[PDB]
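These notes are about the structure you will find just below.
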Amino acid sequence: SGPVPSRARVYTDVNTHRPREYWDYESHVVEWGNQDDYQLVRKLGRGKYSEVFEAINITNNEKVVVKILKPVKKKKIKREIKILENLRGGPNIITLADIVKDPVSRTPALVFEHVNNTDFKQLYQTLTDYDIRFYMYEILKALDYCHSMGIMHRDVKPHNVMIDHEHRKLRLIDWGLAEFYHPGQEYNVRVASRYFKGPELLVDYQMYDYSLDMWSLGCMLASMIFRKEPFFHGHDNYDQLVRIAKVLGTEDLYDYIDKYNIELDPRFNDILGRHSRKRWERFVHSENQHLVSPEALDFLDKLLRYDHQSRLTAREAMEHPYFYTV
Ligand SMILES: O=C(O)c1ccc(Nc2nc(-c3ccc4ccccc4c3)cs2)cc1O
């Protein structure tokens, strides 16, 4: 009778033991400064929810990034702002430098520290075994910090990991999908990019936590060590679960939906099939073997698991032998 409840294994009550001001973003008062202090230089790109520009602060001659938001949902803008302010200054967390509105357009805009990004497709070729271990540890610094702050990112993926390889600097960006973790809260499963979506989202299990970001990090590690981007290549949300099942096997999937008494969607009936549990060593090839190690495979195996409770937390992950060299 209904799905079995679940709670995070770490930082369970960090928001409960904090006054409402911290996590009640709908009550947070945003002060929008004047955009006249920033001169737009070039368009960095377009996206869902936003337009990103390189700009110059007229008050100190420093380069910044200006993200002009399509004001689609007021609560969502308040959430992103509140989270950014809460995390401001945290290790490898993008720094929200300002919050501005152009006088004539009144369009919500966020101002961020400029990061001289190295495109993931160009970095992909020049990354060493050490580089992967180093950058994974840096994202873990970001994750353990934001999780300790009662925040789950919910959109961990390569585009949201800005790397200035020359200066060996990493920043976890786009907190537009982030949420405050409250034990027993039922969340929207329509979060993360398809390839990085956790089995919990795909099976419509709403009581998820920080462990969702641990799945995504696994998907990113699996694509890096094996040189296979994306590792799980779903063509839709239902097919995404089939791609996971093709690696993790259907036995452990049914074990997961049974441990939590999840009602599997009828759209999964004709596509899921039957799949054996694959060994991680099957993904080792001539092109990637110099990035793979027993330690890397042991760490990967501990992240990519159906059961969100069974996945390593960011802190446990930081103690894994895969990071002894960093
Ligand atoms: O949301 C955030 O917190 C956030 C923080 C910093 C930041 N910095 C930067 N972005 C880019 C960039 C480059 C190529 C692109 C292609 C399509 C679309 C967008 C794109 C953005 C370069 S440096 C961007 C952000 O979106």
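With ideal geometry, Cβ positions are generated from the backbone for all residues, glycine too; neighbour counts draw on all protein chains shown. Numbers and lists here come from the model and the stated rules, or from a named source; these are not laboratory values.
Quick one: would you say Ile83 is of a type in the set (A, V, I, L, M, F, W, C), within 15 Å of the ligand (Cβ to nearest atom), in contact with a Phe, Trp or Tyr (Cβ under 7 Å, 6 or more places away or on another chain) and in the same structural domain as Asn34 (by CATH)? For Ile83, the condition - of a type in the set (A, V, I, L, M, F, W, C), within 15 Å of the ligand (Cβ to nearest atom), in contact with a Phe, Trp or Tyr (Cβ under 7 Å, 6 or more places away or on another chain) and in the same structural domain as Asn34 (by CATH) - is met.
Just give me the residues in segment 153-184 being more than 16 Å from the ligand (Cβ to nearest atom) and either in contact with a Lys or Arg (Cβ under 9 Å, 6 or more places away or on another chain) or not hydroxyl-bearing (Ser, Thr, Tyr) (or both), in sequence order. If the condition is that a residue be more than 16 Å from the ligand (Cβ to nearest atom) and either in contact with a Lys or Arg (Cβ under 9 Å, 6 or more places away or on another chain) or not hydroxyl-bearing (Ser, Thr, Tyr) (or both), then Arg168, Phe180, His182, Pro183, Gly184 are the ones that fit. So, in segment 14-28, of the ones that are of a type outside the set (S, T, N, Q) and out of contact with any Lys or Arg (no Cβ under 9 Å at 6 or more places or on another chain), which residue ends up nearest to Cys146 (Cα to Cα)? In this case the residue turns out to be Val14.
Quick grid of which residues meet (1) among the basic types (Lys, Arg); (2) not in a loop (DSSP other than H, G, I, E, B):
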| position | (1), (2) |
| --- | --- |
| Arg267 | yes, yes |
| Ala296 | no, yes |
| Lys302 | yes, yes |
| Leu312 | no, no |
| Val326 | no, no |
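For segment 184-227, the tally of residues that are more than 20 Å from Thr250 (Cα to Cα), small (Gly, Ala, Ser) and not in a helix (DSSP H, G or I) stands at 3. Inspection of segment 251-272 finds a residue satisfying the criterion of being farther than 30 Å from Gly184 by Cα and surrounded by fewer than 18 Cβ atoms within 10 Å (Cβ to Cβ). Go through the residues of segment 222-230 one by one and say whether even a single one is under 13 Å from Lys197 (Cα atoms) and free of Cβ contacts under 8 Å to residues at least 60 places away in the same chain. Scanning segment 222-230 turns up at least one residue that is under 13 Å from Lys197 (Cα atoms) and free of Cβ contacts under 8 Å to residues at least 60 places away in the same chain. Go through the residues of segment 101-120 one by one and say whether even a single one is touching a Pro at 6+ places or on another chain (Cβ under 8 Å), away from the ligand (no atom under 13 Å from the Cβ) and touching a residue at least 60 places away in the same chain (Cβ under 8 Å). Yes, that holds for at least one residue.
The set of residues in segment 66-94 that are within 17 Å of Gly33 (Cα to Cα) and touching a helix residue (DSSP H, G or I) at 6+ places or on another chain (Cβ under 7 Å) comprises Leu69, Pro71, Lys78, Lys82.
In summary, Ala142 fulfils each of the numbered conditions (1) surrounded by 23 or more Cβ atoms within 10 Å (Cβ to Cβ); (2) farther than 25 Å from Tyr306 by Cα with the single exception of condition (2). Pairs are defined by a Cβ separation below 8 Å, a sequence spacing of at least 6 or placement on different chains, a first member in segment 45-56 that is of a type in the set (S, T, N, Q), and a second member that is within 6 Å of the ligand (Cβ to nearest atom); the pairs so defined are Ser50/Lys67.
Residues of segment 91-100 that are under 22 Å from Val161 (Cβ atoms) and within 13 Å of the ligand (Cβ to nearest atom): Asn92, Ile93, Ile94, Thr95, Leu96, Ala97. All conditions in (1) touching a residue at least 60 places away in the same chain (Cβ under 8 Å); (2) within 12 Å of the ligand (Cβ to nearest atom) hold for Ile132, with the sole exception of (2).
With respect to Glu251, determine if the residue is part of a helix (DSSP H, G or I), farther than 27 Å from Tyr210 by Cβ and in contact (Cβ under 8 Å) with a residue 12 or more places away in the chain. So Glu251 does not fit the description; no. Is it true that some residue in segment 3-26 is free of Cβ contacts under 8 Å to residues at least 12 places away in the same chain, assigned by CATH to the domain that holds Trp175 and under 25 Å from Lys141 (Cβ atoms)? Among the residues of segment 3-26, at least one is free of Cβ contacts under 8 Å to residues at least 12 places away in the same chain, assigned by CATH to the domain that holds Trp175 and under 25 Å from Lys141 (Cβ atoms), which makes the answer yes.
Residues in segment 139-148 that are within 16 Å of the ligand (Cβ to nearest atom) and not hydroxyl-bearing (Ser, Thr, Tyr): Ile139, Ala142, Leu143, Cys146.
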